[PDB]
Structures are given as C-alpha cells and as structure tokens.
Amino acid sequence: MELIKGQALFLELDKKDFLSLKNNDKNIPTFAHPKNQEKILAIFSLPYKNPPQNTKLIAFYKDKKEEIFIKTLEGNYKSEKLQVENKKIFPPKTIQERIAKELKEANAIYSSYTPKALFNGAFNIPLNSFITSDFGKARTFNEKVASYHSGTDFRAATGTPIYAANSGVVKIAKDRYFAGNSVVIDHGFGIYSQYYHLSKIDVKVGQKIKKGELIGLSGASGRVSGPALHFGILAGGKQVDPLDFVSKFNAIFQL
C-alpha cells in the first residue's frame, strides 16, 4: 500500500481469530467495520515531519501472521524554503513553562484511547465557509521540514459560530499558547477534532457534545494572521489532513 505523509488510512482486516496488530513493538487498536460484520478496522497514520520511508505492520492471528507493507509518499504539499537558519527561538522562561505544561497535558489526552464510538455518523464541517490556508503547507530547511500547517483554516470573521464536527466528549476548553482559545473533542477510537483561535469558548471539559452543537465563536486568539478558524484532526496518534480524513471516515461510517 501507499500513503502520503501526514494522512491516515483505514486498514481492513479479517475479524475471525485476529489477536493483535503491531508496528514494531507498538500495538495498534482495532474497531468494528460498521458495514461488514466479518471485518475490523484500524487507523494507521504517518507523521508529516520525518516519516519512515516504509512501514510493515504484522496482524497476528491465532494460526497465522499477515504482514502489511505501506510505502510513504511525499504528496503534493505546498512548500517554501526557509532562509533564516536560526530556528531555536529563545522564549522567556514564563512562556517556555506554559508551553511545556500545555504540551504534556495535550500529549496525555492524545495518547489516550477511548475504545468505543462517541461519534454519530459522518463528520460535518464545523462551519459552512471555505479554506483559506491548506493543511500541510511546509517551510523547509536542509531539504527537511522545519515546520508545517498541522490543520486547515476556514475563513471566518471574528464572532462566527463554530459547531462540533461530530459528537463526542470535550477534553480541552481553555486558552493555550499557540492554539489560543482551544476546544478539543474526543470522538472515540483515538480520533480528536480541534478548533483553535476562538474568541469565545461555549463548552466545558468533560461535556458531552452533539454533532452540529455550538462549541464557541471564531476569533483570532493566539493568531498573528488575523481572524480564522483552524480545524484539526488527530488520529492514530498524529496530526493528519483533516478534510482527507473526513472524506475517508465518512465513506465508511456515513450510512
């Protein structure tokens, strides 16, 4: 198989006598195929920055092992050469501490795995606008990726209502350094949607949220380039192309 870096794919496997799916020593969770009672699914994601060239997963069955080869593709992302090498910025200690604390908190959430569906059918887009900055726009130095846009930006004047892309449980709902006013929702199966730079947060941590339910108002918090809605998806432990993921997810769980 082939998969572009920074995207997810849904792996389909036989359910009968399946024991475990592994990437080296890392276990990949499985969930039911909603349409084919003899299949299960798993989400495999490749990181945008510095992915392996190839991946081999082993599905262990009671009587066999089944290998799965995945070749990484570079894709056709927009990319611009950085010019200033000076990358190690030097923030004040008070900012370094906040950054480090919010990163620990987020990683604890994104590493967690809810082993049931909290979603309800297909994902919807969080507002009926248009993309002004695509996922995966990269800045490169040393023929390597120095940074990239880890979500997609929708056009939104400050104060535009933002709605949950799918049902789930709010896990983050506060102001964070790079994301500004942030909402993160657990949809189950390690799938999280992200709503950043809001001007107003209308949900609390732990709250159960319905698809299409108001979660806040867009803004420009934490954002230098003015008002927009940054929408992200984390799945398989990685930030992935959100509209690509939604398209792949909806093809399976639509009906």
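Throughout, we count residues from 1 along the sequence that is shown. We call the rigid core the largest set of C-alpha positions that still match within 1.5 Å between the two forms.
Taking 218-226 and 192-200 in turn, the stretch whose Cα atoms are more displaced from the shown form in 8 other deposited structures of this protein following rigid core superposition is 218-226.
After a core fit, the C-alpha atoms in 8 other deposited structures of this protein lie farther on average from the shown form in one of 88-96 and 170-178, namely 88-96. Checked against the record, the higher mean CA B factor of 190-198 and 61-69 lies with 61-69. If you average the C-alpha B-factors over 238-246 and over 17-25, the higher value belongs to 17-25.
Take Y163, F119, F130, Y77 and read off each C-alpha B-factor from the entry; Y77 has the highest. For the set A106, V169, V183, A146, the PDB entry assigns the largest Cα B-factor to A146. In the PDB entry, a CA B factor belonging to the highest third of its chain's modelled residues is recorded for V84. Sorting the modelled residues of the chain by their CA temperature factor places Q207 in the middle third. When the modelled residues of the chain are ordered by C-alpha B-factor, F123 sits in the lowest third.
Sort the modelled residues of the chain by CA B factor and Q53 lands in the highest third. Among the modelled residues of its chain, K39 has a C-alpha B-factor that falls in the middle third according to the deposited record.
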